[PDB]
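Using ideal geometry, Cβ is built from the backbone for each residue, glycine included, and neighbour counts are taken over all protein chains shown. Each answer follows from the model by the rule given with it, or from the source it names; these are not laboratory values.
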Amino acid sequence: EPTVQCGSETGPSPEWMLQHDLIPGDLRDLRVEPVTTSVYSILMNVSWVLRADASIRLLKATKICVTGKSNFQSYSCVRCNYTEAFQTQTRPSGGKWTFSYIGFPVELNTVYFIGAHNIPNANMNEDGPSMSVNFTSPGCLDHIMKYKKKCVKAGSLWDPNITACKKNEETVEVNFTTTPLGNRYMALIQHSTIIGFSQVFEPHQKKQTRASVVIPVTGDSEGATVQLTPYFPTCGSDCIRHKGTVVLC
Amino acid sequence: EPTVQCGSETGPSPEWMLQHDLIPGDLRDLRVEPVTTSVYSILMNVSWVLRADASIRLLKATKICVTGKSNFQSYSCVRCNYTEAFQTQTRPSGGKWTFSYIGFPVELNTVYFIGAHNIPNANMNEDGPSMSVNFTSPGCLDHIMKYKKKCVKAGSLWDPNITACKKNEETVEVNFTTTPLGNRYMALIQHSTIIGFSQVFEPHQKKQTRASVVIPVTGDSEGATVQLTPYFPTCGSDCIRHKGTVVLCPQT
Amino acid sequence: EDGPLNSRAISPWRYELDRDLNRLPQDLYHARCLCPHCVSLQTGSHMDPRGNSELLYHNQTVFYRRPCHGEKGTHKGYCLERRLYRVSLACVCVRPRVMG
Amino acid sequence: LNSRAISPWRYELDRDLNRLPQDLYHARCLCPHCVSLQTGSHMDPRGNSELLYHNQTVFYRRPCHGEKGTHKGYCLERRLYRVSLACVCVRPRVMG
Amino acid sequence: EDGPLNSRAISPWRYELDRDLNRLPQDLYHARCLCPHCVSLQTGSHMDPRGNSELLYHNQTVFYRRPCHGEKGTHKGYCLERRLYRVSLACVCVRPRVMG
């Protein structure tokens, strides 16, 4: 009953220094599943189907690895052997052989390109063994996952409580509770173009009451859209935003 | 240098009566090409790409089959053995192994299919090793096959010499040349709807000149197309039809 | 149009594959025609709804093998099992039915 | 990222048997003009997209030039390569 | 606005110097864009607040100095310390992430 034990190994493979007379087969299949760990990080399992058509007579290692491509550029590889020498073209119990693995860290809006091939590979000038699977990871717009501290610092759970109302044909009033996580608030009112703008500076307050800002507007502002952009020292320019409403008082 | 030698054999494979511990691998790719023989027949050269991934250590036959679904439906396919055993992945010259075979009969208006698998075959409860290559052969509307005898009896190369013109508003005159190869003919004209119909009853004539047909019409016949079909006892209802074009005969 | 009769049929029918590891022939190219209504004969592409299309069938002697019934123990074996297999052949479109 | 840029780009497979890593990607943004910020689907032609590149490290192996005869051998030869990173919105170059 | 796109992008971006006695190259520049949002397209001077600018990094190998760890005593010595450096290349106009 063979098993697979793996450790991280990235770099040149010592197998490339020797040209092997006989080479193994390809891989039938490959699929990767996302899981959530208990608390609260995310790790990844990999699944593939080793060849059934007798391609097995010789094989030792199958290294599976990925380049992580976000704003940051990341790449690492995992090399490991199969601990027992195969003799059957399926499980003696039945079905094509299967194995899996865990341990790949996962980040925010990071797309991973995971590809596999058997070890050793072919010499120069033969057919390519390429087999890889593309993937999609979610961001911080999912209702499940507001609980990472990194996104919380972006005020993920913060409720601006924006209440925006029109005083007269030219002045609009907005009310909302302040926050100890930031100091500067701005306002965009968009119906078709920019109708009015203002900037607010306030360090903090212990009472934490609803604010009140006077913002001039041009033309008919009925049915416009209010949007708030909060500044935090951490998120900077990529700070998350929230809607706002327009009502008449 | 192992070579290929094929001998016709269809039926149950002896090797299918025994289960093998190890089975031979798949095939990379199968290509087949249509060729023409010297005289005047059409044949096919099949070609396949054999494995390099250690599957050459054991493989003895590579059964290749052809099926067609036309008026006929046929299944007779040849098993081919490999003369010599292999000890290496590629020739000392090098390159991917490619093999060929000629001799499968080919006919007209047919869609064929080609199978692929090797001998011995897989045991029970295993992966399907088959790959597909599809193909199609031409008929007798091309210049190169204008000399095919069967469709020659059908009138592959005949010249209709169709000339039809409007006699008047209620009659259209048609002129064309016949041949002893036909004895009964039909007659239709269609412009937007069926505007005229008839049949031609004339076995043959000795001196063999152009004909003349009187056909009534329902309304205007200008701009229509003339269509005539022979009734040949061999081609039956599968008989080719030649186009036509009507003109105006002026009273002057 | 010109072609092997499946490009000139009113209800053209394609030829799709099935696999078995213990059947002869390994493929039985069945017909599954999409055409639900007799196409117009002045076009070869137009959709004419005046007809209903249906399949035609026959039963073909085929070959199956399951392992030997007896526990001989010498080898797995097989049996020379003859049972008839259901196959569609060719499409025709037909006049529908009238109620009232 | 690439689902959010004003000139989005995708990544196309380019495999080799002699490049480390075995896979590299050259982005070609499909946009000949920068998209509109108000709709995200309407085509705004006032901009253009131009590829951004750098130069990166890759590795190759050649068989030994010296006729050793013991084996094919290997060498860690190092030349450079050109690969893109992204597309930028550019104000055109006009004359008149 | 004309130039090597460093003034022509909707997200203009200057340079800042980074000096060091033992980097090869001694010159690395960090992109430090200057706008809080993307510039306007129809005027070239007025300010368009719906966009954001973000850095895009990459890894380019450089060389550093430590003295020889072994106490040879011949001289202070030097070594080719080979690790990476993270720099910025271009600020880009991006559609932000908004919840609601």
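Take the residues of segment B:59-87 that are more than 14 Å from every other protein chain (Cβ to nearest Cβ) and of a type in the set (A, V, I, L, M, F, W, C): which is surrounded by the fewest Cβ atoms within 10 Å (Cβ to Cβ)?
My answer is B:85.
What's the number of the condition residue A:104 fails, among (1) within 15 Å of the chain's Cα centre (by Cα); (2) not in a loop (DSSP other than H, G, I, E, B)?
For residue A:104, the failing item is (2).
Going by what's in this entry, would residue A:185 be described as more than 30 Å from residue A:45 (Cβ to Cβ) and among the hydroxyl-bearing types (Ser, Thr, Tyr)?
For residue A:185, the condition - more than 30 Å from residue A:45 (Cβ to Cβ) and among the hydroxyl-bearing types (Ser, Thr, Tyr) - is met.
Taking segment D:25-34, which residues are within 14 Å of chain E (Cβ to nearest Cβ) and within 16 Å of the chain's Cα centre (by Cα)?
D:25, D:27, D:29, D:31 - these are the residues of segment D:25-34 that are within 14 Å of chain E (Cβ to nearest Cβ) and within 16 Å of the chain's Cα centre (by Cα).
One line per residue, one yes/no per condition, for (1) within 17 Å of residue B:15 (Cβ to Cβ); (2) among the small types (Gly, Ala, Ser):
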| residue | (1), (2) |
| --- | --- |
| B:42 | no, no |
| B:47 | no, yes |
| B:50 | no, no |
| B:53 | no, no |
| B:58 | yes, no |
| B:62 | yes, no |
| B:69 | no, no |
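Out of everything in segment B:89-101 that is more than 10 Å from every other protein chain (Cβ to nearest Cβ) and assigned to a loop (DSSP other than H, G, I, E, B), what residue ends up being farthest from the chain's Cα centre (by Cα)?
Step by step, filter segment B:89-101, then rank; the result is B:92.
Going by what's in this entry, would residue A:113 be described as within 8 Å of another protein chain (Cβ to nearest Cβ), within 30 Å of the chain's Cα centre (by Cα) and closer than 30 Å to residue A:148 by Cβ?
Against the criterion (within 8 Å of another protein chain (Cβ to nearest Cβ), within 30 Å of the chain's Cα centre (by Cα) and closer than 30 Å to residue A:148 by Cβ), residue A:113 qualifies.
So, residue E:3, is that one on the phi > 0 side of the Ramachandran plot and touching an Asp or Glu at 6+ places or on another chain (Cβ under 9 Å) or not?
Spelling it out, it is not the case that residue E:3 is on the phi > 0 side of the Ramachandran plot and touching an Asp or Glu at 6+ places or on another chain (Cβ under 9 Å).
Could you list, in sequence order, the residues of segment D:37-73 that are more than 9 Å from every other protein chain (Cβ to nearest Cβ) and either touching a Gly at 6+ places or on another chain (Cβ under 8 Å) or closer than 30 Å to residue A:124 by Cβ (or both)?
Correct list: D:53, D:58, D:60, D:62, D:64, D:65, D:66, D:67, D:68, D:69, D:70.
How many residues are out of contact with any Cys (no Cβ under 8 Å at 6 or more places or on another chain) and surrounded by 14 or more Cβ atoms within 10 Å (Cβ to Cβ) if we restrict to segment D:64-85?
3
Contact list please: Cβ distance under 6 Å, first residue in segment E:63-79 and hydrophobic (A, V, I, L, M, F, W, C), second residue assigned to a loop (DSSP other than H, G, I, E, B), pairs at least six apart or on different chains.
What qualifies is E:63/E:80; E:68/E:77; E:79/E:66.
Does segment A:5-25 contain at least one residue that is outside any strand (DSSP E or B), in contact with an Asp or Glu (Cβ under 8 Å, 6 or more places away or on another chain), among the hydroxyl-bearing types (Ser, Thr, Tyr) and within 12 Å of another protein chain (Cβ to nearest Cβ)?
The answer is no; no qualifying residue exists.
State yes or no: is residue A:34 away from chain B (no Cβ under 14 Å) and over 22 Å from residue A:114 (Cα atoms)?
No: the conditions fail for residue A:34.
Considering segment E:74-92 alone, what residues qualify as being under 21 Å from residue E:40 (Cα atoms) and within 11 Å of chain A (Cβ to nearest Cβ)?
Scanning segment E:74-92 gives E:91, E:92.
Output the residues belonging to segment B:65-88 that are of a type in the set (A, V, I, L, M, F, W, C) and either within 20 Å of the chain's Cα centre (by Cα) or outside the structural domain of residue B:121 (by CATH) (or both).
B:65, B:66, B:72, B:77
Could you check how many residues of segment C:32-53 are surrounded by 12 or more Cβ atoms within 10 Å (Cβ to Cβ) and charged (D, E, K, R)?
Within segment C:32-53, residues that are surrounded by 12 or more Cβ atoms within 10 Å (Cβ to Cβ) and charged (D, E, K, R) number 1.
In segment C:9-19, how many are more than 9 Å from chain B (Cβ to nearest Cβ) and surrounded by fewer than 16 Cβ atoms within 10 Å (Cβ to Cβ)?
Number satisfying all stated conditions: 3.
Just one of the numbered conditions (1) farther than 30 Å from residue D:71 by Cα; (2) loosely packed, with under 14 Cβ neighbours inside 10 Å is not true of residue A:10; which one?
Of everything listed in (1) farther than 30 Å from residue D:71 by Cα; (2) loosely packed, with under 14 Cβ neighbours inside 10 Å, residue A:10 misses just condition (1).
Need the failing condition index for residue E:97 against (1) within 14 Å of chain A (Cβ to nearest Cβ); (2) more than 30 Å from residue D:47 (Cα to Cα), just the number.
Here residue E:97 clears every test but (2).
Which fully enclosed strands (runs of 3 or more DSSP E) of segment D:1-93 have 1 or more residues being within 30 Å of residue E:7 (Cα to Cα) and polar (S, T, N, Q)?
Qualifying strands (runs of 3 or more DSSP E): D:48-57, D:80-90.
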